[PDB]
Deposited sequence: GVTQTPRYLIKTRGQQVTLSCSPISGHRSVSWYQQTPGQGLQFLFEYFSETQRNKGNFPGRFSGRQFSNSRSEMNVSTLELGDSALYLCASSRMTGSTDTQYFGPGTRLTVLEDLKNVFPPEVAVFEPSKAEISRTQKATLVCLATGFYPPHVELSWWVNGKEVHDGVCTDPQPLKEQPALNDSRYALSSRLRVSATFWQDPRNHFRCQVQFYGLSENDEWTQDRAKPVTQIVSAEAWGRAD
């Protein structure tokens, strides 16, 4: 499909950033769009045959490039807090424009507030098992910032999608704070016969996106790099 790298990024105001997008094989046209929660999709630039074809009325700090392999890169210099947005790439043969996952860019004044989540799973109650013949595990991630994590359920070492529901919107822990940390919850429901088997293993995995070894850290706490925080539970007869 359409590749976009990196997937997530954190940066301070005034830095330069470089996003890259590989189109579908055989697609020559590559277009960039910006998506802010306050605004909608806004065109940035389209590229065909290494040339900027159409501009989108964006400041020149939003640079763009394209190479002979139809891969396209775009830079954002002099980063500002209002640049925090999803930068989508779209490919086309040149009529249908296929979008990539997008690059999530967060701009901050402080690197100080980036925190990894704490994860915990909570075992199904016996009352639900008795009256519904079903068992709901509940995963909870707390205290992370910026609110950009990916939650997944792994049963016996294999990821599962059926029987899963995660919150679309992370919860603000202290809504009044402008620098509040976030929380997220998810549910995995199975039959009571499944949970009662003690050889079954359940795990909630929370991929948090933070810094990297490129970034500098000068705080008491460990550097909150991108990481995987997990919690687990075993099946219980009763």
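Chemist: Going by C-alpha coordinates, which parts of the deposited sequence are missing from this model?
Modeler: Unmodelled stretch: 95-98 only.
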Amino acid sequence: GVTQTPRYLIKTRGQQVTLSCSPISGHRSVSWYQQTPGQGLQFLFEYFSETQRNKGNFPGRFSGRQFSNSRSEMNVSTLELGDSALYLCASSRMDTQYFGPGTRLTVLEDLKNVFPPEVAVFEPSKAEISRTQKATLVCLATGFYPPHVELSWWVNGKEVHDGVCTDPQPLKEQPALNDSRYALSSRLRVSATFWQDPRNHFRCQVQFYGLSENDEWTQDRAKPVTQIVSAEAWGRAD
From here on, numbers count along this sequence of modelled residues.
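Chemist: Decide which of the stretches 135-143 and 74-82 has the higher mean C-alpha B-factor, going by the entry.
Modeler: Stretch with the higher mean C-alpha B-factor: 74-82.
Chemist: Please work out which of 32-40 and 184-192 has the higher mean CA B-factor as recorded in the PDB entry.
Modeler: Per the deposited B-factors, the answer is 32-40.
Chemist: Out of 87, 154, 99, 115, which one has a C-alpha B factor higher than all the others in the entry?
Modeler: It is 115.
Chemist: Taking only the Cα B-factors deposited for this chain, tell me whether residue 160 sits in the lowest, middle or highest third.
Modeler: Its C-alpha B-factor, which the entry lists for residue 160, ranks in the middle third among residues of this chain.
Chemist: Quick check on the deposited entry: does the C-alpha B-factor of residue 64 sit in the lowest, middle or highest third of its chain?
Modeler: Within its chain, residue 64 is a lowest-third residue by C-alpha B-factor, going by the deposited values.
Chemist: Which third of the chain holds residue 204 when residues are ordered by C-alpha B factor: lowest, middle or highest?
Modeler: According to the entry, residue 204 has a C-alpha B-factor in the chain's lowest third.
Chemist: Report the third (lowest, middle or highest) to which the CA temperature factor of residue 235 belongs, ranking only the modelled residues of the same chain.
Modeler: It falls in the middle third of the chain.
Chemist: Split into thirds by Cα B-factor across the chain's modelled residues, where does residue 219 land: lowest, middle or highest?
Modeler: Highest third - that is where residue 219 ends up once the chain's C-alpha B-factors are sorted.
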